[PDB]
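Q:
Number of protein chains: 2
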Amino acid sequence: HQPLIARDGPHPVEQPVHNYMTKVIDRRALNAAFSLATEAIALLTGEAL
Amino acid sequence: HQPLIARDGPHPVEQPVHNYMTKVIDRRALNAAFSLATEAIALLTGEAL
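Taken in sequence, the protein lines are chains A and F.
In the deposited numbering, each residue's number is its place in the first sequence (first place is 1) plus 99.
In the deposited numbering, each residue's number is its place in the second sequence (first place is 1) plus 99.
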């Protein structure tokens, strides 16, 4: 809401202005990288023992 | 396990490595001696007293 200042004399008259605006987000879908090993995750998570 | 940063972008999902580093031992000898004369063998033993 942009304010104004009264101006004297032979001048244009200052009018109260407002500005309404919107944006959008941006995704940029992030990844990672993982590597468990064969004879590893099954062995230590309940496949035998 | 090396520090990884989750990566964005259109790249191929980069190759994940989580392994056990193997290293090479060296063998070093650190040799040391001391003499012992023709005395202190007939001595120290009862042989010459």
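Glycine residues also receive a C-beta, built at the ideal position from the N, C-alpha and C atoms.
Would A:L143 pass as an interface residue toward chain F - the criterion being a Cβ-Cβ separation below 9 Å?
A: no
Q: Along chain A, in chain order, which residues have C-beta atoms closer than 9 Å to that of F:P102?
A: Result: empty, since nearest Cβ-Cβ is about 12 Å, beyond 9 Å.
Q: Do A:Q101 and A:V116 have their beta-carbon atoms positioned less than 9 Å apart in this structure?
A: yes
Q: Rank A:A139, A:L148 and A:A147 by C-alpha distance to the C-alpha of F:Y119 and give the top, closest one.
A: A:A139
Q: F:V123 CB to nearest chain A CB: under 9 Å?
A: no
Q: Given that F:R127 touches chain A, what residues does it touch there, using C-beta distances under 7 Å?
A: Those within 7 Å of F:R127 in chain A number zero; the least Cβ separation is about 35 Å.
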